[PDB]
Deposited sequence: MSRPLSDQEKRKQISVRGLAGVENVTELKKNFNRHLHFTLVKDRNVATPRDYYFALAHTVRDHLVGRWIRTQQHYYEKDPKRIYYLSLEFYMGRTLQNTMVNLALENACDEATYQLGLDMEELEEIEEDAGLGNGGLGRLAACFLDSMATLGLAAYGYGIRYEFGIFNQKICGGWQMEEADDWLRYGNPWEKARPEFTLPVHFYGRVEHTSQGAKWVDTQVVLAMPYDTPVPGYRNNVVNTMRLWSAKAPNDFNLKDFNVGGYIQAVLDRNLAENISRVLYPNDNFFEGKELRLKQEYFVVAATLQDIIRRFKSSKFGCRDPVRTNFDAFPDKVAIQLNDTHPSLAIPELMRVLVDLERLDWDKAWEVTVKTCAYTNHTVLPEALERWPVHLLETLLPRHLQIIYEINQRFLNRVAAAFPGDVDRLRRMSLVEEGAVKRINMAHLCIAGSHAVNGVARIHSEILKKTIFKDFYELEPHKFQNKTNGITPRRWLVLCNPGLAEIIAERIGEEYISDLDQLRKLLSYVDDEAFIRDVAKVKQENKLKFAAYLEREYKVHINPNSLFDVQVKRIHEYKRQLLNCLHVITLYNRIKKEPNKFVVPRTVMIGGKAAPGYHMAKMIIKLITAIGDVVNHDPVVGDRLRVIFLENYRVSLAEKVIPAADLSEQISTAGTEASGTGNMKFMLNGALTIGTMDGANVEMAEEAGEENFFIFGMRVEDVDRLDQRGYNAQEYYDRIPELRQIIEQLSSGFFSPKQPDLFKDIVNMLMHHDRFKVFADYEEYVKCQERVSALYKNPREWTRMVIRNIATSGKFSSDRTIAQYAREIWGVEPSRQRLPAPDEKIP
């Protein structure tokens, strides 16, 4: 049907059709009279998968022959989403498969909907890893994603009586066609034991062994025939009364059982520490094995880069030391040199509660040798600080890897900085925050180490895949090359006064909104006005992301309508979605508040279809692909200084929504690229937040001086939104009035006024759309291809390449 989806060549359609029937028969062991849509999905998946195989084997043997520097991206999270469409798009097979399936009497879109999200991540951090893998393959880098194959990913969210319920995400139920088990490359990982000092050196003995079994998933580049590998480790018990011994194997296998859902919040659980060491230990053995298969580790950093994502794989540093010193018998200083030059650290958040500080007594029991190594690292590091800042004893305690207190802890961030040749934040303002406040001491010691790498999103998944209509009308004007060179979208500025283009942009959006409005009615039995402004806030539920500020605005619009029912207001559908961590009580109350507001607003006859409030259940990657293309307004309203980057923001910008946001994270750079005129900026800057903290934040002051705000609080306290439970939202009110770390009231007035300017512009369709065009056209910077090219050149020391391998 459309250009970007590739060719539907007769011979290719014929081959696809026959391989589809082959898989249905020989792989699924079904006939067409008993097959269900799920069987058809799997037959298609196997048919598409076959096309990866040759390229995957060729790519990997190519890396063996040429022996480039290898990039190892270590993360506890990879939020991959669905793989089928992505693979089709990247192999140029989408229209052919569409045609082939159509000719067999099947709707391919329907089969695509059967695939489960691979939800091996919480949100932005996990999704960044997924976008990054796509970009690394597209840029021809010899890159491996390494993580854990969780049996259960991020929980499925059900809303019951307005409350979040968590259900196990049993994503492997029907099998995963995209993974290849590699039980032959299983490696041992050690835990517990104790350290023995011999004449030869230290020795870690009496350990409990857990096996790490790899599963490889292919990562196809965009139309370059490169297929890289994501290797995820699964925990297996070694083979060495009777019945119970067999059942106790589960204890070891529990390591890879479930993803911790407590995003941006450190809890210090032992099982999580085991997960972290598990991924690190197996990965480094694999890395070393691959390096040796080409005594001398001098060239190790020329052939290996290890990128640490947050502190979660920070044990890579002492593990690499352990292997080099205890097993390879390198001297400490040489080992350290190799380690530092091999490792680099990316910080993704400065929220204090997210910082990993592991109790020493835990490390002592679980990883006794690693604690010894960390102590040694600390002593040599502080000697360097002492020599550079003589007499500065408070600096010494501030920079130490060891924190003193009732319980001694190890600060994993400090460890990462010490053992890495580069440290980066993920947006300019965040990286500056690192140098100025959080890691100031370290920046003063080693300024050369600190960098910025502003985040990005992949334009394959986040434009071509999820918004084919938009990708097509753009390709009509400027061709297809932008898909792997997103800066080319700048060429769209010369169409900002083009009447046909303005019409096309607005048509694509309207179609996306109709499609999404239909999804709502069909799959969730709820009606919305598709001519309303689609006001969307989708992200994890957290106080810092200030879903509550959005709630206050919604209640304000509602009270205004009730006060003057017969005045015109721009109709809105306000959509809020996202998951709360299971033990985050305040986040769960916020969800309940949103649904409660919806209960009142959506059933008030006076309001009509002028204001609707929907909580989008089970927000996840597959749902983001549907809602983001349908959005008019993107809510990016975190308190300045708290969102390190954000990436949802970028997705919305690329897909034709306008942004209302604070000058936080990557929003700053988005406003800078599009022009501040083309961005709905409001609220405190970081500097204002600091000024207010020095003075003391008093919420009461705002309650006293803003009647509209006062009314909302009184409605909350009195039970207006909770008739049968008048005091249900007391915790929320109390938090807002007395212990709001994120200053919701401080931005309320400017937010509401800024929202009025949004409504004003939406009344002028032509000027709305022209501003949209200016956003889309300047979104090029926020491609993960740009981000990864920067990592490659400035951190890993490798050159990206768009040259294709032979098919």
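Colleague: What ranges of the deposited sequence, counted from 1, have no C-alpha atoms in this structure?
Modeller: Holes in the chain trace, numbered from 1: 1-12, 253-261, 316-324, 838-843.
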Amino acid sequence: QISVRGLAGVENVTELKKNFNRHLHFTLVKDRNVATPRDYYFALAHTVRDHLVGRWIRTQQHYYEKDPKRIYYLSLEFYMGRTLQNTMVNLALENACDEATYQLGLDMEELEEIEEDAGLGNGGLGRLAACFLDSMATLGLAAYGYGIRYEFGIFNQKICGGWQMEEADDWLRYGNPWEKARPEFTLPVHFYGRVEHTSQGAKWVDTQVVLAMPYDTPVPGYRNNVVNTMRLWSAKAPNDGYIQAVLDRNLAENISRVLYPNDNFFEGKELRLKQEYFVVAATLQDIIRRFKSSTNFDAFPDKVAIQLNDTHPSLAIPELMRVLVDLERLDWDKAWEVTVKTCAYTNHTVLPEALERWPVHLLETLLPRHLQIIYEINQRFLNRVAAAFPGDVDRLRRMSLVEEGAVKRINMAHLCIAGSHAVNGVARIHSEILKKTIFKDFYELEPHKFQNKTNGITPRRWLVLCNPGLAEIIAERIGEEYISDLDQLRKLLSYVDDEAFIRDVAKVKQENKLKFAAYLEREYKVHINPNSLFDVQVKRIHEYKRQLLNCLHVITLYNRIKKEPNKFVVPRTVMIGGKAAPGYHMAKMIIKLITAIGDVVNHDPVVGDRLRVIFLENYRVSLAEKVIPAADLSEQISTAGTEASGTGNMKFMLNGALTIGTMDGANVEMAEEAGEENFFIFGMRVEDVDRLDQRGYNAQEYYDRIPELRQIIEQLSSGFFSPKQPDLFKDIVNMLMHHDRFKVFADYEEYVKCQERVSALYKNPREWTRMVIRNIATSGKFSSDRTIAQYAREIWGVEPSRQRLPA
From here on, numbers count along this sequence of modelled residues.
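If you superpose the two forms and keep the largest set of C-alpha atoms that fall within 1.5 Å, you have the rigid core.
Colleague: When the core is superposed, where do the C-alphas shift more in 7 other deposited structures of this protein: in 260-268 or in 584-592?
Modeller: When 260-268 and 584-592 are compared in 7 other deposited structures of this protein, the bigger C-alpha shift is seen for 260-268.
Colleague: Looking at the other compared entries that model residues on both sides of it, is residue 295 unmodelled in at least a third of them?
Modeller: It is, since residue 295 is left out of at least a third of the other entries that model both flanking stretches.
Colleague: State which stretch shows the higher mean Cα B factor in the entry: 758-766 or 42-50.
Modeller: Taking the mean B-factor of the alpha carbons in each, 758-766 is higher.
Colleague: Do the C-alpha atoms of 585-593 or of 404-412 have the higher average B factor in the entry?
Modeller: Taking the mean B-factor of the alpha carbons in each, 404-412 is higher.
Colleague: If you check the C-alpha B-factor for each of 294, 634, 314, 547 in the entry, which is highest?
Modeller: In this record, 294 carries the highest C-alpha B-factor of the candidates.
Colleague: Could you say which of 253, 664, 604, 270 has its CA atom at the highest B factor, as listed in the PDB entry?
Modeller: Comparing C-alpha B-factors across 253, 664, 604, 270, the maximum falls on 604.
Colleague: For residue 788, does the deposited CA B-factor place it in the lowest, middle or highest third of the chain?
Modeller: Lowest third of the chain for residue 788's C-alpha B-factor.
Colleague: Grab the CA temperature factor for residue 64 from the record and place it in the lowest, middle or highest third of its chain.
Modeller: Answer is highest: the recorded C-alpha B-factor places it there.
Colleague: Looking at the temperature factor on the CA atom of residue 214, which third of the chain's modelled residues does it land in?
Modeller: Lowest third.
Colleague: Could you place residue 598 in the lowest, middle or highest third of its chain by Cα temperature factor, using the values in the record?
Modeller: Highest third.
Colleague: Quick check on the deposited entry: does the C-alpha B-factor of residue 353 sit in the lowest, middle or highest third of its chain?
Modeller: Answer is middle: the recorded C-alpha B-factor places it there.
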